[PDB]
Amino acid sequence: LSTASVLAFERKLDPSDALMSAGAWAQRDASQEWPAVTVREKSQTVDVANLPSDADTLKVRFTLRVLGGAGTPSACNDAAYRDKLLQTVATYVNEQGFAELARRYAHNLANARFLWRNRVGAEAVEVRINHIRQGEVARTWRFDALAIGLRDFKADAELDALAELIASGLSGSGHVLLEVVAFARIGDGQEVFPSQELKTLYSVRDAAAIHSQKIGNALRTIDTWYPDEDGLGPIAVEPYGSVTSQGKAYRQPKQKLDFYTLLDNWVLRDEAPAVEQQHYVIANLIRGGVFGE
Amino acid sequence: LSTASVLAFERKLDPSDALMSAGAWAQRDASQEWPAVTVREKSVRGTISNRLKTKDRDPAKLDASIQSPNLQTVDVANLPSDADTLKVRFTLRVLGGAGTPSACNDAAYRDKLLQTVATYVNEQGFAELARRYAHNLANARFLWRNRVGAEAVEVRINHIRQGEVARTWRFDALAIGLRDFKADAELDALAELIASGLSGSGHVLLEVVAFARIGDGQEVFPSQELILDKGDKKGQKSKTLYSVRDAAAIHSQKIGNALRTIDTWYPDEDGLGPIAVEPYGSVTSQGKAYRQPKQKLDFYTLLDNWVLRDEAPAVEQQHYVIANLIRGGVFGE
Amino acid sequence: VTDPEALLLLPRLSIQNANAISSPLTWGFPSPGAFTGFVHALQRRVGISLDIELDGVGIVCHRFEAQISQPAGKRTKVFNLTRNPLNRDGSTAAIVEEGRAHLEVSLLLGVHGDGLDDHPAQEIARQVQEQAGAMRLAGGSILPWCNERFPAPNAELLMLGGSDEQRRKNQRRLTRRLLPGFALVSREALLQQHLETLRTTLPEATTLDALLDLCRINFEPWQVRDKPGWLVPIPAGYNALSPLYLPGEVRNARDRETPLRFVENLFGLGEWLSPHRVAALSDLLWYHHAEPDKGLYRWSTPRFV
Amino acid sequence: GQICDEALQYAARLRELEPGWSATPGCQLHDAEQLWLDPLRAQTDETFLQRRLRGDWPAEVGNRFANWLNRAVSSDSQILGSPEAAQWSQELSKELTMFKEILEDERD
RNA sequence: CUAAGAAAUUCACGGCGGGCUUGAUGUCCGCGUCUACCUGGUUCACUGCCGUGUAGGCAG
């Protein structure tokens, strides 16, 4: 038959905004008096993040909670479609629980992809990941500098613990809350660049920061096998796999390798694709949106 | 004996405008000075992810789509990042007198209706409906999307006697599930209080404060206002959020909708949970209509059966007609 | 009747003090026979030297203001006259009533000859546009362009040369500059079937004409019938009532080289349809064809739908 | 068809003898929804003036035509029991798509 | 080669004097707008410069 006339999915892996701060190196344990990056109006209207003279490194503090329960949709019209979508995602998580998806999300949390202009040219970028369930730390994590990369993903001796934590949260059996901060040495007075509004830079109170949707977009860079090639690296999850920076929308509707074309014969026609395309459809269900007509 | 041409009931158990505030957990015992989460606007540039007409061969429009990206301005509400819990505070008065209409034409119909509700509250008092209303106040169901993915949410319900505080109930919304109506001990006193309010003996004004620890600076979800298309390419053209003078706030009908999820007695399903008491009991978030007018379980059908022809319906759905008389509305043709 | 190779568009053309009356029974827009005669005169002036032919017209009427007045609470109109010079004495004796009108028309002419075969494309259009500005199109002078935003857009659009989607794009590009107008086309078949509709009592064509263009109000035994379109009565050529003559036979002819006939107007039907609602523009060209055996000398538009 | 033609004729007659179309006091909505009845190029245009001065499409026009077709004929919840109402709805959708394809080439 | 070709509506003027529109009123009852999104088009195909002339190196 047909799909739902209206159907939608709430997002998972909730990001906040990332408050920027400036400080000195080897002060990473004491980032509680690092002054926030102030935007000033100095004349041609420019907005430059003037770091202080006694402050070289940038620390971008944000938080991330994963929710779980990616199967159940928000508001589905058809009563005969919700149960078959739940059965589809249930057989998916029963044949192979999304541990490789959680590994790739952990690798997204490894290198500071949420930093976009403030990641290039950096000497060393250490992300510090906490895990807080009651109001204090449970098992913190420190990350290396060569394991940062941008495309080299591998089973690291401690990234497997972060990946199994993200999988245990996303499974739907107890959510997690991670305070992800990132220290990076950029340059004294060098203009680190957060997001900008309609120049007007985006600013939460008494600081500058990055939008939540930009950090989420940087954090869901999972998509590897799209039919054009896979040489340049992984792109971010999108139903049509679109990328504005490269400038050409991939995953064309003439081919049936798109998300709307893969789910539609996954649930109706029972044409289950390969494990990478099932990972793609499921990772396109962890980002939400308004599907259907 | 025929029904009334216009029939109208007042709204009992009318809630206030749920404000929203932010703070630190373990300071919520003295949370009388917490600041407000402000509705802050932010620009968002999204690509095109809609379900267009499939099997479109050329990308000649799809490659210029990303070249002409969709610029938008949304309004978002986040906590202060040095604050991990969200405090939603709202009052509700339980008026009482749930059988007397306010616009009834016929003096012969209103007497039968008044004696029908009188025999109802005589033989089977409001304590069933009051225990289910106290259940919906107990678990923070009115925290609509601020409850999913929460570390701990506790509800504090005060009874304001004469400006002071008569009785205080401290709850735990995660232990009291959103599915089962479990007869507990401490909320049974709140059930007797709500039943003594709905009965009409003494009025009650509850003050309900729900704390949910969600995360430092996370995204809270107040209600979403309608946008009137009077603007250009900037100026909250996509999503505006409800806000009284400073704080982001939840609508009164939304928090009153979450308070009246009292029927698990719709015939089609028995494991889906409770839906809200409406005539032709429906849910906008599922596109469905439980208690269709084909089967004789709607509200108008059983109401006319009870009043006009004196067919006393099933005890499990004698609660439902009263449960949406407490809601009130515009009944009769 | 031959389909043209090209549709030479004559632009926004303000013509003043035209003939409003144009027929013994109509008073509105001038006759389309004036337009076909105008194109034949323009052919006789420029086309013999340009080695082309010119047959059809597209009558679009961008704006139209008549020289009329509604006299003092009446449902009719009267015509504004012009004071004539005096006789041998100061009589002001004869006052013959003829109407005037100012109309902004824009024609599109069907070309047949050696347009692109031996001549350029823009130069032929420039020559015919600066040739049609020194003559008169309906009985009144063709006003030139002296105002601002100098157009001169004589689009000499080729039709039979190009692919089909490019040809449809050319048609919808030429229709862009017919933007507020209204093309006039004959509907002889519509008047015929509307005559066969009300043939229950007496199938007179002059009665089916005089009971269609009106608003026939008729209640319920309380409405007016549904308006099928913008139907107008137009003169649709002449009809002879005297046999043919010799050139020098009939006294006081216009010239003694061509024969004379005594004729009488024929009243056809017409519609003012928008130029978007036609498939091709060459569907709405007015040609005049004659059958000198009988008395019919009829202008019309073939392929009008 | 006569209603669509009258709307097209009014849209053609409006933006022919009114060259005033630019920034001014009380001209905010006359740049996005006014893509049909929009003026020519300005005197102080920018480099990428194909979006902020004159967008190359009737972007707000199609929804306005759909809303005008929905408001001009009061369609009910039982207006498709036979193909009579649904055929008029399909004809209205086709006429709106044709008017959108016509208005898309207006800014060029 | 067009119901073709042709055409001066002119001169003058006191609208004007008056006035009570007024009395009374129950708009009522009720509601889930939801989910997602890289502005890194150039918020000016820039900005003070060795000579009033284009010939440039210090967060350029």
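So here's what we get for this one:
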read-out: Any hit, the stretch C:115-126, residues being within 15 Å of RNA strand E (Cβ to nearest atom) and out of contact with any strand residue (DSSP E or B) (no Cβ under 6 Å at 6 or more places or on another chain); value: no
read-out: Contacts under 9 angstrom Cβ, first residue in the stretch B:63-78 being within 9 Å of chain A (Cβ to nearest Cβ), partner near RNA strand E (Cβ under 8 Å from one of its atoms) and assigned to a helix (DSSP H, G or I), 6 or more apart; value: B:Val76/A:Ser212; B:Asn78/A:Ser212
read-out: Considering residues of the stretch B:18-58 that are under 19 Å from B:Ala152 (Cα atoms) and surrounded by fewer than 14 Cβ atoms within 10 Å (Cβ to Cβ) only, the residue nearest to the other protein chains (Cβ to nearest Cβ); value: B:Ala26
read-out: Single match in B:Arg309, B:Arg291 (criterion: basic (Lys, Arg) and on the phi > 0 side of the Ramachandran plot); value: B:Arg291
read-out: In the stretch C:31-43, the residues that are more than 6 Å from RNA strand E (Cβ to nearest atom) and either more than 14 Å from C:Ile142 (Cα to Cα) or under 12 Å from the mean Cα position of the chain (by Cα) (or both); value: C:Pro32, C:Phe35, C:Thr36, C:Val39, C:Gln43
read-out: Failed condition for A:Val290, given (1) part of a loop (DSSP other than H, G, I, E, B); (2) within 14 Å of RNA strand E (Cβ to nearest atom); value: (1)
read-out: Selection from the stretch A:24-36 of residues that are under 23 Å from A:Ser195 (Cβ atoms) and either within 14 Å of RNA strand E (Cβ to nearest atom) or touching a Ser or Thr at 6+ places or on another chain (Cβ under 6 Å) (or both); value: A:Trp34, A:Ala36
read-out: Flag if B:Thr85 is within 11 Å of another protein chain (Cβ to nearest Cβ) and either crowded, with 19+ Cβ neighbours inside 10 Å or not hydrophobic (A, V, I, L, M, F, W, C) (or both); value: yes
read-out: B:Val209 closer than 30 Å to A:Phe62 by Cα and either surrounded by fewer than 20 Cβ atoms within 10 Å (Cβ to Cβ) or not acidic (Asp, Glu) (or both); value: yes
read-out: Residue match in the stretch C:10-30 (condition: of a type in the set (D, E, K, R) and either within 13 Å of RNA strand E (Cβ to nearest atom) or touching a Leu at 6+ places or on another chain (Cβ under 7 Å) (or both)); value: no
read-out: Residue selected from the stretch C:61-70 under the condition within 14 Å of chain D (Cβ to nearest Cβ) and not in a loop (DSSP other than H, G, I, E, B), by the criterion farthest from RNA strand E (Cβ to nearest atom); value: C:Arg63
read-out: Some residue of the stretch B:105-112 being surrounded by 13 or more Cβ atoms within 10 Å (Cβ to Cβ) and in the same structural domain as B:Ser16 (by CATH); value: no
read-out: Residue in the stretch A:246-255 that is more than 18 Å from A:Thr3 (Cβ to Cβ) and touching a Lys or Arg at 6+ places or on another chain (Cβ under 6 Å) present; value: yes
read-out: Considering residues of the stretch D:41-57 that are more than 9 Å from RNA strand E (Cβ to nearest atom) and more than 14 Å from D:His30 (Cβ to Cβ) only, the residue nearest to the chain's Cα centre (by Cα); value: D:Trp57
read-out: When residues of the stretch B:62-80 are limited to those that are surrounded by fewer than 19 Cβ atoms within 10 Å (Cβ to Cβ) and assigned to a loop (DSSP other than H, G, I, E, B), the one farthest from RNA strand E (Cβ to nearest atom); value: B:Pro80
read-out: Checklist (1) surrounded by fewer than 19 Cβ atoms within 10 Å (Cβ to Cβ); (2) within 14 Å of RNA strand E (Cβ to nearest atom); (3) in the same structural domain as B:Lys42 (by CATH) applied to B:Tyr280, failing item; value: (3)
read-out: Which numbered condition D:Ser89 misses (of (1) assigned to a loop (DSSP other than H, G, I, E, B); (2) surrounded by 14 or more Cβ atoms within 10 Å (Cβ to Cβ); (3) of a type in the set (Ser, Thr, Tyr)); value: (1)
read-out: Test: residue in the stretch A:227-247 that is under 19 Å from A:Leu101 (Cβ atoms) and outside any loop (DSSP other than H, G, I, E, B); value: yes
read-out: Selected residue (only one of C:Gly47, C:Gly110, C:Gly58 is more than 9 Å from RNA strand E (Cβ to nearest atom) and either over 30 Å from C:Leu160 (Cβ atoms) or part of a strand (DSSP E or B) (or both)); value: C:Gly110
read-out: Identity of the residue in the stretch C:71-105, part of a loop (DSSP other than H, G, I, E, B), within 12 Å of RNA strand E (Cβ to nearest atom) and among the β-branched types (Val, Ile, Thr), that ends up surrounded by the fewest Cβ atoms within 10 Å (Cβ to Cβ); value: C:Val96
read-out: Verdict on A:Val204 being within 15 Å of RNA strand E (Cβ to nearest atom), outside the structural domain of A:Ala75 (by CATH), part of a loop (DSSP other than H, G, I, E, B) and not charged (D, E, K, R); value: yes
read-out: Residue count for the stretch A:196-209, restricted to those that are at the interface with chain B (Cβ under 8 Å from one of its Cβ atoms) and either among the acidic types (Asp, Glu) or touching a helix residue (DSSP H, G or I) at 6+ places or on another chain (Cβ under 7 Å) (or both); value: 1
read-out: Residue ranges of strands (runs of 3 or more DSSP E) in the stretch C:245-305 with at least 2 members of a type in the set (A, V, I, L, M, F, W, C) and surrounded by 18 or more Cβ atoms within 10 Å (Cβ to Cβ); value: C:263-273
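Residues checked against (1) more than 13 Å from chain A (Cβ to nearest Cβ); (2) more than 16 Å from RNA strand E (Cβ to nearest atom); (3) touching a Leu at 6+ places or on another chain (Cβ under 7 Å):
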{"residue": "B:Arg213", "(1), (2), (3)": "no, yes, no"}
{"residue": "B:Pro222", "(1), (2), (3)": "yes, no, yes"}
{"residue": "B:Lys234", "(1), (2), (3)": "no, no, yes"}
{"residue": "B:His251", "(1), (2), (3)": "yes, no, no"}
{"residue": "B:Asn257", "(1), (2), (3)": "yes, no, no"}
{"residue": "B:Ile262", "(1), (2), (3)": "yes, no, yes"}
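All of this is worked out from the model, or read from it or from the source named; these are not laboratory values. Don't worry about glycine lacking a Cβ; one is built from the backbone with ideal geometry, like all the others, and counts go over all protein chains shown.
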